[PDB]
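Within every chain, numbering begins at 1; the chains are lettered A, B, ... in the order of the sequence lines, protein sequences first and strands thereafter. The analysis underlying the following values was restricted to heavy atoms, covering all of them including side chains, and did not include hydrogens, waters or symmetry mates.
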Amino acid sequence: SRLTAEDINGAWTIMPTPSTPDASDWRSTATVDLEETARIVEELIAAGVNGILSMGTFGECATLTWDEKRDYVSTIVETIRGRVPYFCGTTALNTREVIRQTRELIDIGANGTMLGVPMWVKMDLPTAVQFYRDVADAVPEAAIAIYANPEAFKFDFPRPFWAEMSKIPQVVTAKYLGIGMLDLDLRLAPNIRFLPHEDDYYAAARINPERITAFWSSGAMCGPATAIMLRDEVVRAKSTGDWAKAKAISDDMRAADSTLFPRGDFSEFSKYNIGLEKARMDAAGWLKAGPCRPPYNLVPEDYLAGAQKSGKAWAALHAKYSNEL
Amino acid sequence: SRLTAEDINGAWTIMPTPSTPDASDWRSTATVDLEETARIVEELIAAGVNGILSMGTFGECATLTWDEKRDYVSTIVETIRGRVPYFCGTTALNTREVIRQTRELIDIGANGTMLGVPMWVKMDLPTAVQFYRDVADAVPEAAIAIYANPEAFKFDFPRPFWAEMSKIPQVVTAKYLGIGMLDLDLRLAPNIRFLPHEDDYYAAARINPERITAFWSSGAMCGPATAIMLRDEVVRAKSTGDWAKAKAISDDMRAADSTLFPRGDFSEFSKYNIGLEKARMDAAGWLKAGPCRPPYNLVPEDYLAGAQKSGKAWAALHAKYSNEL
Amino acid sequence: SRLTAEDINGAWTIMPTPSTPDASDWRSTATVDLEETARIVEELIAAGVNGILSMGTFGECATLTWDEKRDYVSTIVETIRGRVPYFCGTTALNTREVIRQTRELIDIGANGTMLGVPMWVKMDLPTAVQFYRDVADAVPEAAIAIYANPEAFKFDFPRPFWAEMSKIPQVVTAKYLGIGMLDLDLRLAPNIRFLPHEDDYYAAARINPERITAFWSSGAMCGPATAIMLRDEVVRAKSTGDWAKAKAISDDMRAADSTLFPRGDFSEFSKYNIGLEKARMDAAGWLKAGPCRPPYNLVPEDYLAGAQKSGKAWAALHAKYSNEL
Amino acid sequence: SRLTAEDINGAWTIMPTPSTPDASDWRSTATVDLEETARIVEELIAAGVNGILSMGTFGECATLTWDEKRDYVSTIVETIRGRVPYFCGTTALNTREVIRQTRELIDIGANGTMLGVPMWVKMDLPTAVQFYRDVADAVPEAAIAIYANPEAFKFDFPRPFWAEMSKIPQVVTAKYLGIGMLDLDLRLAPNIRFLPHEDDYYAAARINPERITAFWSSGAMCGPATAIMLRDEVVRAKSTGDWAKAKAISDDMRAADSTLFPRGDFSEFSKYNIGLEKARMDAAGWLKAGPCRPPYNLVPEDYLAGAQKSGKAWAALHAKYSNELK
């Protein structure tokens, strides 16, 4: 049966779409490294991750062809063999295209779709609500994760929006950014598992330990031991009341991320979202993300250095926390 | 042979993609009214327009299926029979998809593509330049019109960008908005026919009468006599030095547009770009644009009233200027 | 001797600058109701508040004359008679004016200044840091509360800024808005008592109960019992581990604030910051804030209704929580 | 008696507030170089400028003390001796402070005030309109130049605002930025002399030669011959129909300004508005602007280089056009 919020716990990792060496060239047509895809999936399951998300911004939902996406999702589904939940990404420029893609990828065997909103024209609240209702009506078997990124999708995903989404049974989770309004969003949307970023999980879990049981991780693509440790230590802390160890892991994570954003700026990061994440993963050496598909294959050198430093820092964390596991 | 800037003169009208009555429903699959398409094309040629653009924002490039686009462009090309230049629109989320679509629509018989930039991730200057170079390399037979809309495409199309575009022979024109930096852009980009909006044509033509010989018009979809008269009166004024009559037409146009934008605000208009343009055309009664494809089918009633008033004002202008022609 | 972060605990209320009936007129010259000022101060001390802040945005730091500010602060200082800490506000267009005002108001007997940054030209990080260092050097006896409002002061008060402020001994507290980055800011700035807004206190206190012991309140000007109850119930929760009662108070507060912002929008609220706060306090009836000084005396009627509803809601909370005290 | 739009023609130059060597120090109290002020004024009148504006953003309206402003304006007024119109700047955080300052500086002998809006809280249209009406009621002898800078003052000065300002007789001119909506603003506000930036004067004058007869210039502080030449050549072109020479001057000006903005970006320039203008003038060597008053005395080195290059370019233009003038 379909996933619910009750089924969403622990560490959910967002994987890249590994690319072949020629992927930056507009002439290339089959740019997904399907063997590297399979290898990453198995490594994540083996590390003990609770679920897998894919095909967000740095996963290059925007730049893959439809044939590449089908092949990618097929490979993932055959590798996973039902062992963990998997969400693909079907964000597109309009409702009909989203529905067409969501239908095919759910049929191939994904459990759900991580879904932003069409972003050529900026959506208002009623448009966005109707969009998610439309997709849920059209594809009732699919679980939905709201991909709540205002930089990418222009819409700001405000409080009343969450109240409306809690009425759609298919909407079970959200990839959430800043936790500034999380206390309230939880109240407005009781039926949604809100996933903070890993760096914010410690804080969010302390705010509401009953509701905040899961988080999403990009840093896991540099070695997942850090995320696994955080998950485990937060479960222990909720039981014992001793938060010191979880706090120390959380502080390490924030430090590893400290050079990732160009000049500290989320909006400047968002212009180079794809290249910076991929350069980071490449530097950490746990997986081979490969070059970026056009048009987003140019990143200033200064910024790359920051991303590479972050990668090396996360790889160091993976080494440290692998021993403590 | 391929169009150049020298071939771009006079009144270029941007047509909507007429929709069938069920087009707001995500279930509908063939939502283009192809007969209304053909009728509009013939009416525009008969009014004396110099060229046709299509499939921008209000033309619903974003919300049409690929099958609907081929049928639309086929219909237009068969109706036009080579009598005027025609540009389709192929803006998409990535370079490979843009190239695939531009190839097919040029093969069907469009002369060129009105092309924005991929907008999921905000582009920087080098990314955008490389994007247009890539499309021009991939599809050298196609003329390109830069669709320079920062609200839609996030990128701001700055001065150095125009300098780069003037080096691409395929780039022959630009749908341009505010004329604040037009004097300089003309200097930086000698090989491009910059098309101001009809309301700005009078001013732009006075700044540089040798270079500013053409403009784009949405208001023509409410009755093209106003645009034809402006074109004709500006040709006369350049010759005689008497600008009074062109100025009076230009002032009428600005007044007709004065209620279109919600609270005077371009960014608020841009959220409802599609519904407001279509509601305006519907109110004017010269053509039947029809309902908007999902997800952009909800517009606040206050704003619609302003768009409808604008439509009625343009229809009045069409009546007045039809007599003077 | 000078306040430190260790001295800042509990409920800190931000008072308005009560105005006489002619205060909206640019001709009026002594528009502070000094008796109402004294009455509010005594009522707040009698309610048990831990400290008083004044002369931020809605306190009309911007629109008071220098004579009005001296009389206001004199009245407050003579009413307080040393019983609680008091911070005035000395934000101005430049460093020398800030220093001149801070010197005089500290001499009159304020303990410190709630200080934003000059905002005609937008400050960068080094400029802002040097500004606060300059004021602290010039007026070493004054405690400083950073007034971290990006809408008012344009500067965004980013993470590295807090690291720098923790090196200035005079900087002991901050009026802080969204708590999205609070976990990290606390780490970067060990010597600062960060004051969340009352609505965010519950969440912030759960994140870091050792560091988050105080908050600021505007809602207390509608009746302070709600803030006093929250303070008291959070001290018990920290001891017992039972957060249910604190959560219920916090939820009531969020509901009372729910109609305050025009269309939910902080930036739209910020255009009418002064009129909306004053209209709210006037509606609650616990104090008489009076009309706004020019130029900020015009607020759309729709928005006023929302502010008045909020006022009535806070007055209801004051009634309820007065009984439970 | 009071200036009207009919009196506003030609080249209006915006002067800095020259500072003494210790002016970056918060301890310093009389940081205006009054002799350099007088020297600049006389040089501008001698160059043939039509009017002088002062105390905008780079003029450091924000960072001068009240005593400094009075001495500055006194010096200017006594140097000018009625020979050209002069506008001071009285933008402040509220209406009463603006009125107090405008009264005193008009009494000292300025003809008018270049006035933005209070910017702690962002103004809406009705607030802004009422603000300019109050200052005009309070100080009816003062001419007003609207300082229409959205970066500094947050308000965007939209079309309906101009319609309202054209009803205030005291409002006679505007320091205007982008000319994208100028055609319309002229129609909405018949009684205002809109001053485009010098780089946009060529274009604006061609759009509406009857209404666009004046412009404002910061580049003149690097040597005013360029602005004087542009004024003169545009007068000639309106009469002859030959615009080639005016266009060439305008193109030179745009090139001289091309490195001024950090990364081409008006908003990034606006963070360093004061330091960059002063560094540019210092590099050109026609006047000594001096250091910036606190807090705005720190500018990244990369950006300074661009401003200095711009200064040298404008100084080169001044040399070239000084020869062509006579």
Side-chain angles (χ1 to χ4, degrees), chain A residues 25-29 31 57-58 60-66 68 91-100 116-132 134-135 137-138 149 151-155 267-268 270-275 292-300, chain B residues 25-29 31 57-58 60-66 68 91-100 116-132 134-135 137-138 149 151-155 267-268 270-275 292-300:
Chain A
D25 187 346
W26 62 257
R27 289 157 195 97
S28 315
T29 57
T31 64
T57 295
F58 74 75
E60 289 173 291
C61 190
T63 55
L64 294 163
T65 71
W66 178 243
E68 288 172 342
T91 310
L93 287 178
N94 69 73
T95 307
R96 294 183 296 155
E97 186 57 20
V98 165
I99 286 163
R100 188 196 71 74
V117 294
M119 83 298 290
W120 176 317
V121 166
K122 179 161 172 181
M123 287 206 176
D124 71 352
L125 174 59
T127 294
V129 170
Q130 184 212 102
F131 168 78
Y132 286 107
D134 282 349
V135 171
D137 289 347
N149 182 340
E151 282 289 348
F153 303 126
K154 300 180 178 175
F155 181 58
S267 75
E268 193 70 359
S270 287
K271 280 194 206 163
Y272 306 109
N273 203 329
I274 301 164
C292 307
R293 296 150 177 122
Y296 301 112
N297 48 51
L298 310 171
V299 185
Chain B
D25 189 343
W26 62 259
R27 289 157 196 97
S28 317
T29 57
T31 64
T57 296
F58 74 75
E60 288 173 292
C61 189
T63 54
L64 293 163
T65 71
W66 179 243
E68 288 171 342
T91 311
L93 287 175
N94 68 73
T95 309
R96 294 183 293 160
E97 187 56 20
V98 166
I99 286 163
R100 186 197 71 77
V117 294
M119 83 301 289
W120 179 315
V121 163
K122 178 162 170 180
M123 287 203 177
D124 70 354
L125 173 60
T127 293
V129 168
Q130 179 196 86
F131 168 79
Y132 286 106
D134 282 349
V135 172
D137 289 349
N149 184 339
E151 283 289 351
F153 303 127
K154 300 179 177 175
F155 182 57
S267 74
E268 193 69 5
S270 287
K271 279 187 207 173
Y272 305 109
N273 203 328
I274 300 163
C292 308
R293 296 150 178 122
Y296 299 113
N297 48 52
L298 309 174
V299 185

> Who pairs with A:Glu151 by salt bridge (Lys or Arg N to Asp or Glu O under 4.0 Å), at least two apart in sequence or on another chain?
Replying inline: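 In terms of salt bridge (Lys or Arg N to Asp or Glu O under 4.0 Å), with neighbours along the sequence ignored, A:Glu151 is linked to no residue.
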Can you tell which of [options] has the highest number of heavy-atom pairs within less than 4.5 Å of chain B?
{"options": "A:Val98, A:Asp134, A:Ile99, A:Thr29", "result": "A:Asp134"}
{"options": "A:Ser270, A:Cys61, A:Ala138, A:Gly116", "result": "A:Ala138"}
{"options": "A:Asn297, A:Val299, A:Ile274, A:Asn273", "result": "A:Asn297"}

>> How long is the straight-line distance from CH2 of B:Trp26 back to CG of A:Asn94, given to the nearest 0.5 Å?
In response: 13.0 Å
> Quick one: OG1 on B:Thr63 to CH2 on A:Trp120, what's the gap to the nearest 0.5 Å?
Replying inline: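 With rounding to 0.5 Å, OG1 (B:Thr63) is 9.0 Å from CH2 (A:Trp120).
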Using non-hydrogen atoms only, which part of [X] is less than 4.5 Å away from chain A: side chain, backbone, both, or neither?
{"X": "B:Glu97", "value": "neither"}
{"X": "B:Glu268", "value": "neither"}
{"X": "B:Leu298", "value": "both"}
{"X": "B:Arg100", "value": "neither"}
{"X": "B:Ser267", "value": "neither"}
{"X": "B:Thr57", "value": "both"}

> Does B:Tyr132 have any ring pair (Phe, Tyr, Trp, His ring centres under 6.0 Å) partners at least two apart in sequence or in another chain, and if so, which?
Replying inline: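 Listed in chain order: B:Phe161.
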>> Under a 4.5 Å cutoff for heavy-atom pairs, which residue among B:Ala152, B:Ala92, B:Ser28, B:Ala128 has the most contacts with chain A?
In response: B:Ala152
> Do you see a donor-acceptor pair shorter than 3.5 Å between the side chains of A:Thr31 and A:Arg293?
Replying inline: yes
> Hey, are the side chains of B:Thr91 and B:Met119 touching, using non-hydrogen atoms and a 4.5 Å cut-off?
Replying inline: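 Contact flag for B:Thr91/B:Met119 side chains = yes.
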> How close do A:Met123 and A:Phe155 get, heavy atom to heavy atom, and via which atoms?
Replying inline: O-CD1, 3.5 Å
